[PDB]
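This is start26.txt. It holds compact mmCIF, N, CA and C atoms.
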# COMPACT_ATOMS: atom_id res chain seq x y z
N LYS I 100 -51.54 -30.06 121.10
CA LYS I 100 -52.41 -28.89 120.99
C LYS I 100 -51.76 -27.79 120.16
N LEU I 101 -50.44 -27.62 120.29
CA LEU I 101 -49.71 -26.65 119.47
C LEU I 101 -49.61 -27.09 118.01
N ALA I 102 -49.57 -28.41 117.76
CA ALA I 102 -49.55 -28.91 116.38
C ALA I 102 -50.91 -28.74 115.71
N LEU I 103 -52.00 -28.92 116.47
CA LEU I 103 -53.35 -28.65 115.96
C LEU I 103 -53.57 -27.16 115.71
N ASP I 104 -53.01 -26.31 116.58
CA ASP I 104 -53.08 -24.85 116.40
C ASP I 104 -52.27 -24.37 115.20
N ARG I 105 -51.08 -24.95 114.96
CA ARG I 105 -50.28 -24.51 113.82
C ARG I 105 -50.82 -25.06 112.50
N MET I 106 -51.49 -26.22 112.53
CA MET I 106 -52.17 -26.70 111.32
C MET I 106 -53.41 -25.87 110.99
N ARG I 107 -54.16 -25.42 112.01
CA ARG I 107 -55.31 -24.55 111.76
C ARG I 107 -54.88 -23.14 111.33
N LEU I 108 -53.76 -22.63 111.88
CA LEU I 108 -53.21 -21.36 111.42
C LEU I 108 -52.61 -21.46 110.02
N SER I 109 -52.06 -22.62 109.64
CA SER I 109 -51.51 -22.79 108.30
C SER I 109 -52.62 -22.88 107.25
N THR I 110 -53.72 -23.58 107.57
CA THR I 110 -54.87 -23.60 106.66
C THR I 110 -55.62 -22.27 106.64
N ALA I 111 -55.59 -21.52 107.75
CA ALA I 111 -56.22 -20.20 107.78
C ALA I 111 -55.43 -19.18 106.97
N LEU I 112 -54.09 -19.24 107.03
CA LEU I 112 -53.28 -18.38 106.17
C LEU I 112 -53.28 -18.83 104.71
N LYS I 113 -53.50 -20.13 104.44
CA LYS I 113 -53.63 -20.60 103.06
C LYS I 113 -54.93 -20.12 102.43
N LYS I 114 -56.04 -20.20 103.17
CA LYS I 114 -57.30 -19.64 102.68
C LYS I 114 -57.34 -18.12 102.73
N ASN I 115 -56.48 -17.49 103.55
CA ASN I 115 -56.32 -16.04 103.51
C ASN I 115 -55.59 -15.60 102.24
N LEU I 116 -54.44 -16.19 101.95
CA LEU I 116 -53.62 -15.77 100.82
C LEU I 116 -53.97 -16.49 99.52
N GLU I 117 -55.02 -17.31 99.50
CA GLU I 117 -55.56 -17.80 98.24
C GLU I 117 -56.27 -16.71 97.44
N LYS I 118 -57.07 -15.87 98.09
CA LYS I 118 -57.81 -14.81 97.42
C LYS I 118 -57.26 -13.47 97.88
N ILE I 119 -57.08 -12.55 96.92
CA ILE I 119 -56.55 -11.22 97.19
C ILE I 119 -57.64 -10.40 97.88
N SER I 120 -57.35 -9.95 99.10
CA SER I 120 -58.28 -9.18 99.92
C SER I 120 -57.73 -7.77 100.14
N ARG I 121 -58.43 -6.99 100.97
CA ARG I 121 -58.05 -5.62 101.27
C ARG I 121 -57.00 -5.51 102.36
N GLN I 122 -56.70 -6.60 103.07
CA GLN I 122 -55.68 -6.58 104.11
C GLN I 122 -54.30 -6.92 103.56
N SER I 123 -54.22 -7.27 102.28
CA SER I 123 -52.97 -7.60 101.59
C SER I 123 -52.04 -6.41 101.43
N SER I 124 -52.57 -5.18 101.41
CA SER I 124 -51.75 -3.99 101.20
C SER I 124 -50.91 -3.64 102.43
N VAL I 125 -51.29 -4.12 103.61
CA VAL I 125 -50.42 -4.04 104.78
C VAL I 125 -49.78 -5.38 105.11
N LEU I 126 -50.37 -6.51 104.69
CA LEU I 126 -49.79 -7.82 104.98
C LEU I 126 -48.54 -8.09 104.15
N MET I 127 -48.52 -7.60 102.90
CA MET I 127 -47.34 -7.72 102.03
C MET I 127 -46.18 -6.86 102.53
N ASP I 128 -46.48 -5.66 103.06
CA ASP I 128 -45.47 -4.81 103.69
C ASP I 128 -44.93 -5.41 104.98
N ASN I 129 -45.80 -6.08 105.76
CA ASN I 129 -45.36 -6.77 106.98
C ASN I 129 -44.47 -7.97 106.66
N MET I 130 -44.78 -8.71 105.58
CA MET I 130 -43.93 -9.83 105.19
C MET I 130 -42.60 -9.36 104.59
N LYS I 131 -42.59 -8.19 103.93
CA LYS I 131 -41.34 -7.62 103.42
C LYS I 131 -40.44 -7.12 104.55
N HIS I 132 -41.02 -6.49 105.59
CA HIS I 132 -40.24 -6.10 106.77
C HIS I 132 -39.73 -7.30 107.56
N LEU I 133 -40.52 -8.38 107.64
CA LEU I 133 -40.06 -9.59 108.33
C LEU I 133 -38.96 -10.32 107.56
N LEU I 134 -39.01 -10.30 106.21
CA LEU I 134 -37.93 -10.96 105.46
C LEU I 134 -36.65 -10.13 105.46
N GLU I 135 -36.75 -8.79 105.51
CA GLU I 135 -35.54 -7.97 105.62
C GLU I 135 -34.89 -8.07 107.00
N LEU I 136 -35.72 -8.12 108.07
CA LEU I 136 -35.19 -8.33 109.42
C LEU I 136 -34.62 -9.74 109.60
N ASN I 137 -35.20 -10.74 108.93
CA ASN I 137 -34.65 -12.09 109.00
C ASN I 137 -33.36 -12.23 108.19
N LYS I 138 -33.21 -11.47 107.10
CA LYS I 138 -31.96 -11.45 106.34
C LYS I 138 -30.83 -10.79 107.14
N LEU I 139 -31.16 -9.74 107.91
CA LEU I 139 -30.20 -9.14 108.83
C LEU I 139 -29.81 -10.08 109.98
N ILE I 140 -30.76 -10.89 110.46
CA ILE I 140 -30.46 -11.87 111.52
C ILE I 140 -29.62 -13.03 110.98
N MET I 141 -29.81 -13.41 109.69
CA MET I 141 -28.96 -14.42 109.03
C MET I 141 -27.51 -13.96 108.86
N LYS I 142 -27.32 -12.70 108.43
CA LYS I 142 -25.96 -12.17 108.25
C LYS I 142 -25.26 -11.93 109.59
N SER I 143 -26.03 -11.51 110.62
CA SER I 143 -25.48 -11.35 111.96
C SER I 143 -25.12 -12.68 112.61
N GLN I 144 -25.92 -13.74 112.36
CA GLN I 144 -25.63 -15.07 112.89
C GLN I 144 -24.42 -15.70 112.22
N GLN I 145 -24.25 -15.48 110.91
CA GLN I 145 -23.09 -16.02 110.18
C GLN I 145 -21.78 -15.33 110.59
N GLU I 146 -21.81 -13.98 110.71
CA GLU I 146 -20.62 -13.25 111.14
C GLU I 146 -20.28 -13.49 112.61
N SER I 147 -21.30 -13.67 113.47
CA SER I 147 -21.06 -13.96 114.88
C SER I 147 -20.52 -15.37 115.08
N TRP I 148 -20.96 -16.33 114.25
CA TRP I 148 -20.45 -17.70 114.34
C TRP I 148 -19.00 -17.81 113.86
N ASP I 149 -18.66 -17.09 112.78
CA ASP I 149 -17.29 -17.11 112.25
C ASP I 149 -16.30 -16.40 113.18
N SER Z 109 -31.57 -5.80 118.29
CA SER Z 109 -30.86 -4.81 119.10
C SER Z 109 -29.95 -5.47 120.13
N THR Z 110 -30.25 -6.72 120.51
CA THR Z 110 -29.41 -7.39 121.50
C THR Z 110 -28.40 -8.34 120.86
N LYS Z 111 -28.52 -8.62 119.56
CA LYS Z 111 -27.51 -9.43 118.88
C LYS Z 111 -26.50 -8.57 118.12
N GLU Z 112 -26.91 -7.40 117.62
CA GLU Z 112 -25.94 -6.48 117.03
C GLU Z 112 -25.10 -5.81 118.11
N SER Z 113 -25.66 -5.63 119.31
CA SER Z 113 -24.84 -5.20 120.44
C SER Z 113 -23.97 -6.34 120.95
N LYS Z 114 -24.39 -7.59 120.73
CA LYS Z 114 -23.50 -8.73 120.96
C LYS Z 114 -22.40 -8.79 119.89
N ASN Z 115 -22.70 -8.33 118.67
CA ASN Z 115 -21.65 -8.21 117.65
C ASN Z 115 -20.71 -7.04 117.95
N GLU Z 116 -21.23 -5.94 118.50
CA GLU Z 116 -20.37 -4.81 118.84
C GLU Z 116 -19.58 -5.07 120.11
N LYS Z 117 -20.05 -5.98 120.97
CA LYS Z 117 -19.24 -6.43 122.09
C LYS Z 117 -18.14 -7.38 121.63
N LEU Z 118 -18.43 -8.23 120.64
CA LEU Z 118 -17.47 -9.26 120.24
C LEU Z 118 -16.39 -8.70 119.32
N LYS Z 119 -16.67 -7.61 118.60
CA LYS Z 119 -15.61 -6.91 117.87
C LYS Z 119 -14.68 -6.16 118.83
N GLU Z 120 -15.21 -5.72 119.97
CA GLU Z 120 -14.35 -5.25 121.05
C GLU Z 120 -13.61 -6.41 121.71
N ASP Z 121 -14.24 -7.60 121.73
CA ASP Z 121 -13.56 -8.79 122.25
C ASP Z 121 -12.63 -9.40 121.22
N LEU Z 122 -12.75 -9.01 119.95
CA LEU Z 122 -11.80 -9.46 118.94
C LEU Z 122 -10.47 -8.72 119.08
N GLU Z 123 -10.50 -7.51 119.66
CA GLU Z 123 -9.27 -6.75 119.87
C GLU Z 123 -8.53 -7.22 121.12
N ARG Z 124 -9.26 -7.57 122.18
CA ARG Z 124 -8.64 -7.72 123.50
C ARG Z 124 -7.96 -9.08 123.67
N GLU Z 125 -8.62 -10.16 123.23
CA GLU Z 125 -7.98 -11.48 123.30
C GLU Z 125 -6.92 -11.67 122.22
N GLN Z 126 -6.96 -10.89 121.14
CA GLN Z 126 -5.83 -10.88 120.22
C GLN Z 126 -4.65 -10.14 120.83
N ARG Z 127 -4.93 -9.12 121.65
CA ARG Z 127 -3.88 -8.46 122.43
C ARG Z 127 -3.40 -9.37 123.56
N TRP Z 128 -4.30 -10.18 124.12
CA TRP Z 128 -3.91 -11.09 125.19
C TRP Z 128 -3.16 -12.30 124.65
N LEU Z 129 -3.40 -12.68 123.40
CA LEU Z 129 -2.58 -13.71 122.77
C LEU Z 129 -1.23 -13.15 122.36
N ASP Z 130 -1.18 -11.85 122.04
CA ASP Z 130 0.08 -11.20 121.70
C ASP Z 130 0.93 -10.96 122.94
N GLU Z 131 0.30 -10.79 124.11
CA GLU Z 131 1.07 -10.67 125.35
C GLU Z 131 1.57 -12.02 125.83
N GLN Z 132 0.76 -13.08 125.67
CA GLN Z 132 1.12 -14.40 126.16
C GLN Z 132 2.21 -15.04 125.30
N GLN Z 133 2.22 -14.72 124.00
CA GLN Z 133 3.33 -15.12 123.14
C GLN Z 133 4.59 -14.31 123.46
N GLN Z 134 4.42 -13.07 123.92
CA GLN Z 134 5.56 -12.26 124.33
C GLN Z 134 6.12 -12.73 125.67
N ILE Z 135 5.27 -13.32 126.52
CA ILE Z 135 5.76 -14.07 127.68
C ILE Z 135 6.48 -15.34 127.23
N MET Z 136 5.93 -16.02 126.21
CA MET Z 136 6.45 -17.31 125.76
C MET Z 136 7.78 -17.17 125.01
N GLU Z 137 7.96 -16.08 124.28
CA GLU Z 137 9.24 -15.86 123.60
C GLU Z 137 10.30 -15.32 124.56
N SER Z 138 9.88 -14.73 125.68
CA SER Z 138 10.86 -14.22 126.65
C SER Z 138 11.22 -15.29 127.68
N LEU Z 139 10.32 -16.23 127.94
CA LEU Z 139 10.66 -17.33 128.84
C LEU Z 139 11.47 -18.41 128.12
N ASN Z 140 11.45 -18.42 126.78
CA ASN Z 140 12.33 -19.32 126.03
C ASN Z 140 13.78 -18.85 126.09
N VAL Z 141 14.02 -17.54 125.97
CA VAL Z 141 15.39 -17.05 125.95
C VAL Z 141 15.96 -16.92 127.36
N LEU Z 142 15.11 -16.92 128.39
CA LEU Z 142 15.63 -16.99 129.75
C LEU Z 142 15.84 -18.43 130.20
N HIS Z 143 15.20 -19.39 129.53
CA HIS Z 143 15.51 -20.79 129.80
C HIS Z 143 16.80 -21.20 129.10
N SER Z 144 17.12 -20.57 127.97
CA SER Z 144 18.34 -20.90 127.24
C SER Z 144 19.56 -20.29 127.92
N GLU Z 145 19.41 -19.11 128.52
CA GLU Z 145 20.52 -18.51 129.25
C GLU Z 145 20.72 -19.13 130.62
N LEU Z 146 19.70 -19.78 131.18
CA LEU Z 146 19.86 -20.45 132.47
C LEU Z 146 20.46 -21.84 132.28
N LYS Z 147 20.16 -22.48 131.14
CA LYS Z 147 20.76 -23.78 130.83
C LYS Z 147 22.22 -23.63 130.42
N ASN Z 148 22.57 -22.51 129.79
CA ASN Z 148 23.96 -22.24 129.44
C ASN Z 148 24.78 -21.72 130.62
N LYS Z 149 24.14 -21.30 131.71
CA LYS Z 149 24.86 -20.82 132.88
C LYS Z 149 24.53 -21.66 134.10
N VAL Z 150 24.53 -22.99 133.94
CA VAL Z 150 24.43 -23.89 135.09
C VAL Z 150 25.74 -23.86 135.88
N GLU Z 151 26.87 -23.97 135.18
CA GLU Z 151 28.18 -23.85 135.80
C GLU Z 151 28.45 -22.38 136.11
N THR Z 152 28.67 -22.07 137.38
CA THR Z 152 28.97 -20.73 137.86
C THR Z 152 30.48 -20.51 137.85
N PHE Z 153 30.93 -19.46 138.54
CA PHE Z 153 32.35 -19.23 138.74
C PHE Z 153 32.94 -20.28 139.68
N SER Z 154 34.22 -20.59 139.47
CA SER Z 154 34.87 -21.69 140.16
C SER Z 154 35.20 -21.33 141.60
N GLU Z 155 35.48 -22.36 142.40
CA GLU Z 155 35.81 -22.17 143.81
C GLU Z 155 37.22 -21.60 143.97
N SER Z 156 38.15 -22.01 143.10
CA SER Z 156 39.50 -21.47 143.12
C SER Z 156 39.60 -20.09 142.47
N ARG Z 157 38.58 -19.65 141.73
CA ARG Z 157 38.59 -18.32 141.15
C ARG Z 157 38.31 -17.25 142.21
N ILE Z 158 37.44 -17.57 143.18
CA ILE Z 158 37.02 -16.62 144.21
C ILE Z 158 38.16 -16.35 145.20
N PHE Z 159 39.03 -17.34 145.43
CA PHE Z 159 40.14 -17.16 146.36
C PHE Z 159 41.25 -16.31 145.74
N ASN Z 160 41.49 -16.45 144.44
CA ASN Z 160 42.59 -15.70 143.81
C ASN Z 160 42.17 -14.30 143.38
N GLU Z 161 40.87 -14.08 143.13
CA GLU Z 161 40.43 -12.74 142.74
C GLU Z 161 40.32 -11.83 143.96
N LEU Z 162 39.88 -12.37 145.09
CA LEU Z 162 39.78 -11.58 146.32
C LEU Z 162 41.14 -11.37 146.97

Structure encoded using structure tokens:
Amino acid sequence: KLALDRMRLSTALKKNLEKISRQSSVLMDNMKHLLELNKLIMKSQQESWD
Amino acid sequence: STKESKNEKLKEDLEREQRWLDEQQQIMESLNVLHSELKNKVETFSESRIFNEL
């Protein structure tokens, strides 16, 4: 059921980000904040492991 | 917030176990020189020395 849900969410985000809509002006900022927080979690995980 | 505080705990833990390794090596270098002085002083003063000194 989780695999069917993640495939429907992956096709829903693919049809979302295929066409440029009006929610992209906050969705691009949300993806930039998530990639900066994930880069901080990568550097923290590497330094904590070493 | 809970992993950077885990990093700030472990940098405090980087000081303490390095100090605890420095204390345990200071035990280890002092127990080596007390084992060498005890092996060199197995033979004590003689039985005939105590009668003539007293």

Provide an axis-aligned box for all listed atoms of segment 120-138 of chain Z, padding each side by 5 Å; report its centre and its edge lengths in Å to one decimal, as AutoDock Vina command-line options.
--center_x -2.0 --center_y -11.3 --center_z 123.3 --size_x 36.4 --size_y 22.1 --size_z 18.7

Gap from atom N of residue 144 of chain Z to atom CA of residue 126 of chain Z - Å, one decimal =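 The value is 26.1 Å.
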
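With only C-alpha atoms taken into account, chain I has residues 140, 143, 144, 146 and 147 of chain I at most 9 Å from chain Z.
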